[PDB]
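A.B. asks: Quick one: structure below, then a few questions.
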Amino acid sequence: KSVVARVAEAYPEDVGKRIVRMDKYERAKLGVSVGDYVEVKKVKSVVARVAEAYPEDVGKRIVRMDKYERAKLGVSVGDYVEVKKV
C-alpha cells in the first residue's frame, strides 16, 4: 500500500506542475497508473499526480519532486519520503 522513495530534483520543464515521476516498479507496488494521484509524506503530506520516470531513473527508487512539493513536506533532495495511493 506504500513505498519509500528517495527525493530527487525535478526535471526543469516539470517545475510547478505538481507531478512526481516514479517508475513502473514503484507504481506496481502502489497499484497506481500514470496520471493517478498519490500522497507523498514525511511528517506533513502533499498530493501529486504520478508521471512516468525518465529512462536513466528506472530502477532507482527515487521520486522526482520539485521545490514546491519539497517545501510543503520540509524535505530536501536526498531525503526519503513515503508514497501511498490516495
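A.B. asks: Which of the residues that make up region 27-47 are in contact with a helix residue (DSSP H, G or I) (Cβ under 8 Å, 6 or more places away or on another chain), loosely packed, with under 15 Cβ neighbours inside 10 Å and part of a strand (DSSP E or B)?
C.D. replies: Correct list: 45 only.
A.B. asks: Consider only pairs whose beta carbons are under 6 Å apart and that are at least six residues apart or on different chains; among these, list those whose first residue lies in region 26-44 and is over 11 Å from residue 85 (Cβ atoms) and without any contact (Cβ under 8 Å) to a residue 60 or more places away in the chain and whose second residue is part of a loop (DSSP other than H, G, I, E, B) and of a type outside the set (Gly, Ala, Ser).
C.D. replies: Within 6 Å, the pairs are 34/52; 42/75.
A.B. asks: Another question, then. Within region 48-72, track down each residue that is aliphatic (A, V, I, L, M), without any contact (Cβ under 8 Å) to a residue 40 or more places away in the chain and surrounded by 15 or more Cβ atoms within 10 Å (Cβ to Cβ).
C.D. replies: Within region 48-72, the first condition is being aliphatic (A, V, I, L, M), and the residues that meet it are 48, 50-51, 53, 58, 62-63, 65, 71.
Retained after the next criterion (residues that are without any contact (Cβ under 8 Å) to a residue 40 or more places away in the chain): 48, 50-51, 53, 58, 71.
Correct list: 48, 50, 51, 53.
A.B. asks: Within region 45-72, take every residue that is over 12 Å from the mean Cα position of the chain (by Cα) and aliphatic (A, V, I, L, M) and give me the one that is nearest to residue 21 (Cα to Cα).
C.D. replies: 58
A.B. asks: Suppose we keep only residues that are in a helix (DSSP H, G or I) and under 13 Å from the mean Cα position of the chain (by Cα) within region 13-24. Which one would you say is nearest to residue 64 (Cα to Cα)?
C.D. replies: 14
Heads up, the Cβs are rebuilt from the backbone with ideal geometry, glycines too, and the neighbour counts pull from every protein chain shown. Read-outs throughout are calculated quantities, based only on the coordinates presented, and are distinct from any laboratory measurement.
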